[PDB]
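One structure is given below, encoded as structure tokens.
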Amino acid sequence: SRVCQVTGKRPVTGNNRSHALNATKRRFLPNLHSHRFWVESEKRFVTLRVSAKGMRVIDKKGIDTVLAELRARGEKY
Amino acid sequence: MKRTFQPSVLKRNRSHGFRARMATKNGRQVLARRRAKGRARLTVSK
Amino acid sequence: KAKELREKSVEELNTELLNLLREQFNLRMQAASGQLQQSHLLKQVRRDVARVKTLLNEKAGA
Amino acid sequence: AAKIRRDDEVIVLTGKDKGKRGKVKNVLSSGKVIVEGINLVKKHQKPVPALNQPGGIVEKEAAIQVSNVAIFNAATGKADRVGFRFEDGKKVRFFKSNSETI
Amino acid sequence: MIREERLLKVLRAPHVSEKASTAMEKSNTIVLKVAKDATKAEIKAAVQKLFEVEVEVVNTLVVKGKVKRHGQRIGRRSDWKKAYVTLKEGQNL
RNA sequence: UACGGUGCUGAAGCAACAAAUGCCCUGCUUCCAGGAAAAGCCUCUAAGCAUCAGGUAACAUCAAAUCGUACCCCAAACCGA
RNA sequence: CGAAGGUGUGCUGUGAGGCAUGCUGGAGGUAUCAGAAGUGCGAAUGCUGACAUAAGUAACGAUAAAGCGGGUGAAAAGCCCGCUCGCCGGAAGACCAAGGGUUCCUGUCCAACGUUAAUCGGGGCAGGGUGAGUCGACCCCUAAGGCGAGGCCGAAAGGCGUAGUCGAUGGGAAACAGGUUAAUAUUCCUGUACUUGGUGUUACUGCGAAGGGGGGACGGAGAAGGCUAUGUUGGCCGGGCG
RNA sequence: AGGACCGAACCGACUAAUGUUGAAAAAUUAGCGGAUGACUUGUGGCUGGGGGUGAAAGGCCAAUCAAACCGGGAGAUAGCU
RNA sequence: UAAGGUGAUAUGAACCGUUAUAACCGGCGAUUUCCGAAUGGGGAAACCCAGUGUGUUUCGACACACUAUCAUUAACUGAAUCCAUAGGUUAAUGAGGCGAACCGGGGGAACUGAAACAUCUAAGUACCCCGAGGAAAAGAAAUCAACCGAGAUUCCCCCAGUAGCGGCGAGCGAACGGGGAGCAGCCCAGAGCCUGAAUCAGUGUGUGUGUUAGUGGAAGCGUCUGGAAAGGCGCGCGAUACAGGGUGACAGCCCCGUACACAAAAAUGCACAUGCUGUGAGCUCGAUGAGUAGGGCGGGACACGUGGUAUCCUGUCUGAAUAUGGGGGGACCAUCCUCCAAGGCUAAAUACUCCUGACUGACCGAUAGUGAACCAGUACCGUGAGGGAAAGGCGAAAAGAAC
Ligand SMILES: [Mg+2]
Ligand SMILES: [Mg+2]
Ligand SMILES: [Mg+2]
Ligand SMILES: [Mg+2]
Ligand SMILES: [Mg+2]
Ligand SMILES: [Mg+2]
Ligand SMILES: [Mg+2]
Ligand SMILES: [Mg+2]
Ligand SMILES: [Mg+2]
Ligand SMILES: [Mg+2]
Ligand SMILES: [Mg+2]
Ligand SMILES: [Mg+2]
Ligand SMILES: [Mg+2]
Ligand SMILES: [Mg+2]
Ligand SMILES: [Mg+2]
Ligand SMILES: [Mg+2]
Ligand SMILES: [Mg+2]
Ligand SMILES: [Mg+2]
Ligand SMILES: [Mg+2]
Ligand SMILES: [Mg+2]
Ligand SMILES: [Mg+2]
Ligand SMILES: [Mg+2]
Ligand SMILES: [Mg+2]
Ligand SMILES: [Mg+2]
Ligand SMILES: [Mg+2]
Ligand SMILES: [Mg+2]
Ligand SMILES: [Mg+2]
Ligand SMILES: [Mg+2]
Ligand SMILES: [Mg+2]
Ligand SMILES: [Mg+2]
Ligand SMILES: [Mg+2]
Ligand SMILES: [Mg+2]
Ligand SMILES: [Mg+2]
Ligand SMILES: [Mg+2]
Ligand SMILES: [Mg+2]
Ligand SMILES: [Mg+2]
Ligand SMILES: [Mg+2]
Ligand SMILES: [Mg+2]
Ligand SMILES: [Mg+2]
Ligand SMILES: [Mg+2]
Ligand SMILES: [Mg+2]
Ligand SMILES: [Mg+2]
Ligand SMILES: [Mg+2]
Ligand SMILES: [Mg+2]
Ligand SMILES: [Mg+2]
Ligand SMILES: [Mg+2]
Ligand SMILES: [Mg+2]
Ligand SMILES: [Mg+2]
Ligand SMILES: [Mg+2]
Ligand SMILES: [Mg+2]
Ligand SMILES: [Mg+2]
Ligand SMILES: [Mg+2]
Ligand SMILES: [Mg+2]
Ligand SMILES: [Mg+2]
């Protein structure tokens, strides 16, 4: 599913509004990308489906700290 | 003239039978509905 | 009848079962064959069988 | 805890046989009792070819409500009511009048 | 078949029809009402153990019970299993 | 011989011709639109087991369960009230 | 010593209504003043049930066709038996699959069912009746397709799909005549056989797979030739002499 | 040889009559078309509703089709009867 | 507990039992086929077919047990690839499916109304889906207030159809503050001294309490009518019992009961006391939740439709300060007040009733009341989802009509 393993960003629903304010149901999808992340703690590439923000979160927290939060959430990576 | 009902017990068993209903979530609910209404003959079987 | 059967053992109860079961079979024969006025012996013997098995399950080790 | 037993002498309180004394014969499930020579019905018994074959008008005892009878005391010569008390270690019936055990 | 307890439940009753009396007289074949879960091997060992008579071969069929009416109510009789038990030669009972 | 049938015996029981849309034929001939699969079966070995197991043949012996089998079925029994 | 309800009668009130009373009915009813409403039906092509009408009218379902005698019976155009007649005969005959499910057979009954009568029946009731190593299913095998461990995808539901597993309408071992029951029979009996396994014995021995190869294994049309099923005649046997 | 010819089974349905509370909610009777093919048929399977499928008629999708059926929103709304 | 019993239509048969193993009632137990989450594999539900391991055998074959998937943890093992990792096998623990409503969350209509219609409405309704529990959610101020102060959350009544929102239309619709129900506060983000001193959690035991069977339980005769008396008449009696239901017409005193008084071998609930095992207070000083707050873009939610629009949520792009600091006080600034987010737990007052028990009703009384007073979700219809009836009353007693 279109969910980020770091953040848990999933598609959220909303409305498209026109100039006449005609509302129509629509989805907001995250900016999900599969990216291989270097885990130097383990000498291994780990592949995560992640949002661009989760990519920012990994840079900040470090993939080592992040993955410890994932295996503390199930979330087999 | 050929009428609409042309019996086949296999076609009957596969299209509407008990296993056919327990296969899908929505068939599981058909039975749940029939079980709650108290139907004597839950499915076409037998 | 359970009180005296308790004094008996697993053997001496398994044989009583078979004898009861044979008596069951002969009564079943006699019943269908027009004989057997005394219809009550069928329930009589059916319940003694139930009594001996309840005690065997009570002497298995449980 | 029944007041009217199988072989007790009773007197009828309500009916065609008001005042008659009989001995109970059967206590039915219904709360009805058959009493010897009391509620005589004249049946029309059909014949059967097999067993007890003679068709006939039989005068048998019919059943009356247990409410409609009372044990006869036979000391007072009157109807009476029953109570239950425990003597030495057993439940016994006693006559309400005179407090004597049946 | 081997267990005595099982053999004592397998034979239910003898069947007393005209076809069965013919089968006895001519073809040396006793017709029995047996349990619906009685197999040919169980019926053979049962008759040979219980009636003390030699058995050549067992034929079997499942009789479908009859729909009946009891006033307005439908009802069906229970299916039963019929066994034709051909003896070698010898009948006693 | 209970009119519904039963028990014993028992004649000749051959040939020629004709002849299928059936069999030889899962063939032959021809054509283009170029015509299932898988197992049983036969065979070969691998790992592996060998004066064992396993294999072939013969022979004996045993087993082959269970379910269906009634009856209608171009129809009064199925689909059509 | 007769409530409600029902049905008449009498009296009475401007009216909706009320009072009395006979008969039926056979156990509940209720003044008064207040109170509350599922409170008043002739309509709504209203709803349900009941009953009319048309009407003893139309029709009784293929224009294949009946007739008589006897029988049984309360009763016979319809059932049974019989003799004729007529109808089908690549079917209106016979065997099955499917589907139905006891309709099969016997006895018994005729209220309803049968478009009439019914003694008859696929009708009611009761009893009986289905017999398998070889038929068939189950089983081994797979097709389309379906399900689908993990997996991939997807807001959830769930979708697709690998390995696999199911799935016949296809492939895969073997039985024939004859005789028989009221009703079953390649299933029972008689006779004569066949297959696959297992276990043992004997003699000999390289045997072993989730793998390799072969085989299974396949179209349409057309043609000749050789055969049988089957039939026709003749012969033979038996009867017949109209 | 052939989307070849005549013609039965088989598949279809041009005409006419009958029938139209029918024997039948589309048939019967006489005739009619195709009849080795783009044929026909059995068994099973797949496609699902703004969807399918359609040698295309808005045809067909269980006697229902310019949006199926069942249930629900639902006592929709009804300036109309 | 008991003299009567072997469920019903439903008789009959053959029997059991009557002073205590008949039956009946209750508790703990036992047995508990096949299907069905169905779980050994399959499958047209109630069927087909196995595998392994034991123990049996007259060597024909038997009986029992285990064998699903996923998750977690563990052990053994184990690639490409030296390490390793994926992957494999096994064990142990747990889940799976059903179920009325209530609850929370993820998605989300249209008819309709606006007298047309698109914003708006209907409505975050119906519906689908996930998950939970006895309730759930929520919850201990980065809240309100107004310079006075309040002191977590939830529900009720007011505030008020007000302030506002609004094609300023149709319509939507607060809060402040007050009155009440019920209140309860805690923990981590770390150290040390003190150490098991609070606290529920289980998990034993004691004593009380109730539930699951049950015991006793008052007192009436005579006469009249009548098929029958409980009715009439007469004269009596009980009442902590005149609640009710029955009995041949209307019974306080015929019966069952009712008030009242009592009662449990066995199991169990909720309370208490107490004991084993685990969890830690108390002090002292430190520490104070970052891709977060905030912002831009697009959307949603707040009564509030972007409007002058604060505040909350966030899909996307960004991105601080960090107690000398930050958030809020409805654009925004300043000052003043007030609180301290980005980490969590938490009873009660609240919601609901598939089901059980008792009681009630100016509720119905067989075209009503449940669809169903009756063998009804049946018959019947329908491929199926689904639809869905009609049908109560002899009599006091069958005395159910011998002949
Ligand atoms: Mg189908
Ligand atoms: Mg041919
Ligand atoms: Mg047959
Ligand atoms: Mg047949
Ligand atoms: Mg025919
Ligand atoms: Mg009344
Ligand atoms: Mg009157
Ligand atoms: Mg009217
Ligand atoms: Mg009018
Ligand atoms: Mg006329
Ligand atoms: Mg006329
Ligand atoms: Mg006429
Ligand atoms: Mg006719
Ligand atoms: Mg005649
Ligand atoms: Mg019948
Ligand atoms: Mg017949
Ligand atoms: Mg007639
Ligand atoms: Mg007549
Ligand atoms: Mg019949
Ligand atoms: Mg799939
Ligand atoms: Mg999966
Ligand atoms: Mg298979
Ligand atoms: Mg036949
Ligand atoms: Mg051998
Ligand atoms: Mg020939
Ligand atoms: Mg002549
Ligand atoms: Mg042609
Ligand atoms: Mg032509
Ligand atoms: Mg045809
Ligand atoms: Mg025709
Ligand atoms: Mg024609
Ligand atoms: Mg032609
Ligand atoms: Mg057009
Ligand atoms: Mg149609
Ligand atoms: Mg619904
Ligand atoms: Mg309406
Ligand atoms: Mg609505
Ligand atoms: Mg299983
Ligand atoms: Mg399974
Ligand atoms: Mg709208
Ligand atoms: Mg409008
Ligand atoms: Mg809107
Ligand atoms: Mg509010
Ligand atoms: Mg008592
Ligand atoms: Mg009393
Ligand atoms: Mg009485
Ligand atoms: Mg924004
Ligand atoms: Mg803020
Ligand atoms: Mg202050
Ligand atoms: Mg903070
Ligand atoms: Mg009703
Ligand atoms: Mg009435
Ligand atoms: Mg209804
Ligand atoms: Mg109704």
Side-chain angles (χ1 to χ4, degrees), chain A residues 1-2 9-17 20-22 25-31 43-44 52-53 56-57 60-61, chain B residues 1-20 22-23 25 30 32 37-40 43-46, chain C residues 2-3 37-41 43-44 50 53-54 57-58, chain D residues 1-3 5-6 13-16 27 31 39 41-47 55-58 62-70 81 83-86 90 96, chain E residues 1-3 17-19 22-23 26-27 29 39-41 59-64 66-67 73 82 84:
Chain A
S1 65
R2 285 187 266 239
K9 277 180 167 280
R10 44 185 51 254
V12 307
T13 55
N15 297 132
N16 264 319
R17 309 301 303 226
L21 284 77
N22 306 110
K25 277 321 213 160
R26 63 156 283 173
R27 310 169 92 214
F28 299 88
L29 309 173
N31 206 3
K43 312 274 167 194
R44 183 172 61 105
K53 199 207 196 55
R56 280 175 88 257
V57 173
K60 187 167 189 189
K61 309 185 167 152
Chain B
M1 300 153 66
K2 194 165 176 333
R3 292 306 174 187
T4 52
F5 183 50
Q6 302 294 345
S8 170
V9 179
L10 179 69
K11 296 226 301 164
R12 176 154 195 91
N13 279 3
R14 277 166 178 190
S15 301
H16 323 288
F18 180 83
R19 310 191 96 253
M22 282 297 283
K25 182 156 191 321
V30 170
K37 192 176 186 196
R39 278 299 184 171
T43 85
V44 105
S45 303
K46 186 100 179 300
Chain C
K3 256 187 76 66
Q37 313 319 299
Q38 299 160 268
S39 84
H40 76 272
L41 305 150
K43 174 194 305 312
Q44 200 170 355
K53 289 177 72 72
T54 312
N57 196 280
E58 203 187 59
Chain D
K3 305 189 156 157
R5 305 271 160 98
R6 165 96 132 100
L13 306 164
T14 86
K16 43 152 70 165
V27 173
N39 204 39
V41 293
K42 290 140 285 291
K43 198 170 172 56
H44 287 213
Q45 201 196 356
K46 209 190 75 53
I57 282 162
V58 195
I64 43 175
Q65 294 288 6
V66 68
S67 301
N68 291 355
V69 313
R81 289 180 294 103
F84 294 97
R85 61 150 93 120
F86 293 94
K90 303 299 190 59
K96 285 279 176 67
Chain E
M1 77 199 197
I2 191 65
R3 286 195 66 254
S17 60
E18 161 168 1
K19 171 160 183 173
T22 318
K26 295 276 192 57
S27 300
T29 290
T39 197
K40 280 177 187 176
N59 294 40
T60 46
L61 67 92
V62 177
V63 184
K64 313 319 175 269
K66 291 185 176 169
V67 169
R73 314 204 184 290
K82 190 189 286 176
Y84 292 91

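Chain A is the first sequence line, chain B the second, and so forth, proteins listed ahead of strands; every chain is numbered from 1.
The shortest distance between the side-chain N/O atoms of B:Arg3 and the OP1/OP2 oxygens of G:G99 is not below 4.0 Å. Side-chain nitrogen and oxygen atoms of D:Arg81 include at least one within less than 4.0 Å of the OP1 or OP2 phosphate oxygen of I:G220. Taking only side-chain nitrogens and oxygens, B:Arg12 comes nearer than 4.0 Å to OP1 or OP2 of I:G384. In this model, the phosphate group of I:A399 is approached by a side-chain N or O of D:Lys43 to a distance below 4.0 Å at OP1 or OP2. A:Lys9 has a side-chain polar atom (N or O) that falls below the 4.0 Å cut-off from OP1 or OP2 of I:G315. In this structure, B:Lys25 reaches the I:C129 phosphate: one of its side-chain N or O atoms is under 4.0 Å from OP1 or OP2. Between D:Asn68 and the phosphate of I:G248, there is a side-chain N or O to OP1/OP2 separation shorter than 4.0 Å. For the OP1/OP2 pair of I:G300 and a distance below 4.0 Å, the side-chain nitrogens and oxygens of A:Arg17 include at least one atom meeting the criterion.
Rounding to whole angstrom units, CZ of residue A:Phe28 and P of I:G298 are separated by 10 Å. What separates CG of A:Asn15 from P of I:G124 is a distance of 14 Å, to the nearest Å. In this structure, E:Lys82 places its NZ atom 15 Å from P of G:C188, rounding to the nearest Å. Rounded to an integer number of Å, the gap from E:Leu61 CG to G:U130 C1' is 6 Å. Summarising the geometry, the separation between NZ on A:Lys43 and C1' on I:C82 is reported as 16 Å, rounded to the nearest angstrom. Summarising the geometry, the separation between NE2 on B:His16 and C1' on H:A62 is reported as 10 Å, rounded to the nearest angstrom. Residue A:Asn16 contributes atom CG, which lies 16 Å from atom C1' of I:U119 at whole-angstrom precision. Nucleotide I:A379 holds its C1' atom 13 Å from the NZ atom of B:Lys37, rounded to whole Å.
Pairing check for I:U324 against I:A20: the Watson-Crick or wobble criterion is not satisfied at the 3.5 Å limit. I:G182 and I:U279 are not base-paired, meeting neither the Watson-Crick nor the G-U wobble geometry with both donor-acceptor distances under 3.5 Å. Taken together, I:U125 and I:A261 fail the test for a Watson-Crick or G-U wobble pair, since the two needed distances are not both under 3.5 Å. Pairing status of I:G280 against I:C304: not a Watson-Crick or G-U wobble pair with both distances under 3.5 Å. A canonical Watson-Crick pair (purine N1 to pyrimidine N3 plus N6-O4 or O6-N4) or a G-U wobble (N1-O2 and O6-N3), each contact under 3.5 Å, is absent between I:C111 and I:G164. Judged by Watson-Crick and G-U wobble geometry, where both atom pairs must sit under 3.5 Å apart, I:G206 and G:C218 do not count as a base pair.
E:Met1 and E:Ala41 get closest at one heavy-atom pair: SD-O, 3.5 Å. When all heavy atoms of D:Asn39 and D:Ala63 are compared, the pair lying nearest together is ND2-O, 3.6 Å. Between D:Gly55 and D:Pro47, the shortest heavy-atom distance links the atoms N-CB, 3.6 Å.
At a threshold of 4.0 angstrom between heavy atoms, the contacts of D:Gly83 are confined to the sugar-phosphate backbone, with no base atom among them. B:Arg14 comes within 4.0 angstrom of the backbone, heavy atoms only, and of no base. Heavy atoms of B:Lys11 sit under 4.0 angstrom from primed sugar atoms or phosphate atoms, though from no base atom. Within the 4.0 angstrom heavy-atom criterion, only backbone atoms of the sugar-phosphate kind lie near A:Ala52; the bases stay farther away. Residue E:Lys19 is in base contact, counting any heavy-atom pair closer than 4.0 Å across all strands shown. The residue D:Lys96 sits close only to the backbone: its heavy atoms come under 4.0 Å of sugar-phosphate atoms, none of a base. Within the 4.0 angstrom heavy-atom criterion, only backbone atoms of the sugar-phosphate kind lie near E:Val62; the bases stay farther away. As judged by a 4.0 angstrom heavy-atom cut-off over every strand, A:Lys53 is placed among the base-contacting residues. Within the 4.0 angstrom heavy-atom criterion, only backbone atoms of the sugar-phosphate kind lie near B:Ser8; the bases stay farther away. Looking at heavy-atom distances under 4.0 Å, E:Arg73 makes contact with a base. Counting non-hydrogen atoms under 4.0 angstrom, D:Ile64 reaches nothing in the nucleic acid. Among the heavy atoms of the strands lying under 4.0 Å from D:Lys42 are primed sugar atoms or P, OP1, OP2 only; no base atom is included. Within 4.0 Å (heavy atoms only), E:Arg3 reaches sugar-phosphate atoms of the nucleic acid but no base atom. Nucleic acid contact for D:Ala70: none, since no nucleic acid atom lies under 4.0 Å from a heavy atom of the residue.
Of the nucleotides present, I:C221 is the one that pairs with I:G234 by Watson-Crick or G-U wobble criteria, both distances under 3.5 Å. Shown here, G:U199 forms a base pair with F:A60; the pair counts as Watson-Crick or G-U wobble because both key distances fall under 3.5 Å. In a base pair of the Watson-Crick type (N1 to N3 plus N6-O4 or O6-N4) or a G-U wobble (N1-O2 and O6-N3), with each distance short of 3.5 Å, I:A63 is matched with I:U54.
Both conditions, centre separation below 5.5 angstrom and plane angle below 30 degrees, hold for the six-membered rings of I:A293 and I:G294. For the consecutive nucleotides F:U9 and F:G10, the six-membered rings of the bases sit within the stacking limits of 5.5 Å between centres and 30° between planes. Stacking between I:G329 and I:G330 is absent, since the six-membered rings do not have centres under 5.5 Å apart together with planes under 30°.
Heavy atoms from other residues, nucleotides or ligands lying under 6.0 Å from NZ of B:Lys11 number 12 at most.
Distance check: D:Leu13 CG to D:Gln65 CD gives 12.5 Å after rounding to the nearest 0.5 Å.
In I:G296 the base sits anti relative to the sugar, since the glycosidic angle is further than 90° from 0. With a glycosidic angle more than 90° from 0, G:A209 adopts the anti conformation.
G:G131 has its base stacked against the ring of E:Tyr84, the centroids being under 5.5 angstrom apart at an interplanar angle below 30°.
Side-chain atoms of A:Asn15 and A:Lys25, non-hydrogen and from C-beta on, do get closer than 4.5 Å to each other.
When the nucleotides I:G60, I:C380, I:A2 are ranked by their closest atom to the side chain of E:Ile2, I:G60 comes out on top. Nearest to the side-chain atoms of D:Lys3 among the listed nucleotides I:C256, I:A402, I:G377 stands I:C256.
Comparing A:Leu29 and E:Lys64 by the nucleotide of RNA chain G that holds the closest heavy atom to each, the one mapping nearer the 5' end is E:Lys64. When each of A:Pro11 and E:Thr60 is assigned the nucleotide of RNA chain G bearing its nearest heavy atom, the one mapping closer to the 5' terminus is E:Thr60.
For G:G101, the base has no donor-acceptor partner in the side chain of E:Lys66 [N/O atoms by modelled type, under 3.5 angstrom]. At a cut-off of 3.5 angstrom, the base of I:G124 holds at least one donor-acceptor pair with the side chain of A:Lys25.
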